[PDB]
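Undergrad: Here goes the first bit of my complex:
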Amino acid sequence: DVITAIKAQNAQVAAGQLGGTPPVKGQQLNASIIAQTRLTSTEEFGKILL
């Protein structure tokens, strides 16, 4: 349960982007999306919900 909770919360996932790559003609902006980021410190690791 400890291990399973780590890779579920301490993870670097990759989501697509706004305005993708095959876009809708008239799209003004193209920006990437950030979801979950890899944890940095000991306090952040002390806050994993089991």
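TA: Sure, I can see it. Numbering: from 1, shown residues only, chains lettered A, B, ... in the order given.
Undergrad: longest helix of chain A?
TA: helix A:2-9 (DSSP state H).
Undergrad: Residues touching it, excluding its own?
TA: Applying C-beta atoms under 8 Å, 6 or more residues apart in numbering, the external contacts of helix A:2-9 come out as A:36, A:39, A:48-50. C-beta coordinates here come from the backbone N, C-alpha and C atoms, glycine included.
Undergrad: Turn those residues into CSV, columns for distance to residue A:14 and secondary structure.
TA: Below are the contacts of helix A:2-9 laid out as CSV (distance: C-beta to C-beta, whole Å; DSSP: H, G, I helix; E, B strand; the rest coil):
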residue, distance to residue A:14, secondary structure
A:36, 10, coil
A:39, 17, coil
A:48, 21, coil
A:49, 23, coil
A:50, 26, coil
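Undergrad: Also, this goes in as chain B:
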Amino acid sequence: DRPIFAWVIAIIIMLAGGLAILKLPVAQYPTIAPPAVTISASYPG
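TA: One more chain to add, chain B, which I have set with the ones above:
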């Protein structure tokens, strides 16, 4: 110094360079570039 011997030495130097010109097609350069070994990975999204 007689001629007939030398006029054959020229033929050796003629045919040796004439066979060395068969490096056709000869490239423009001479490799200058300090070797470039590239690693590439793609993580989509």
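Undergrad: ok so, going back, pull up the pairing partners for the helix or strand that the longest helix of chain A is followed by, direction included.
TA: Next helix or strand after helix A:2-9 toward the C-terminus (DSSP states H and E): strand A:17-18. Paired with strand A:17-18 in the same sheet, following DSSP bridges, are strand A:31-32 (antiparallel).
Undergrad: Where do the helices of chain B begin and end?
TA: Taking DSSP H as the criterion, chain B carries its helices at B:3-20.
Undergrad: Where does it get nearest to chain A, residue-wise?
TA: residue B:45 (4.5 Å; C-beta to the nearest C-beta).
Undergrad: does that residue really touch residue A:21, like I thought?
TA: No. When contacts are counted by C-beta atoms under 8 Å, residue B:45 is not listed as touching residue A:21 (10.3 Å).
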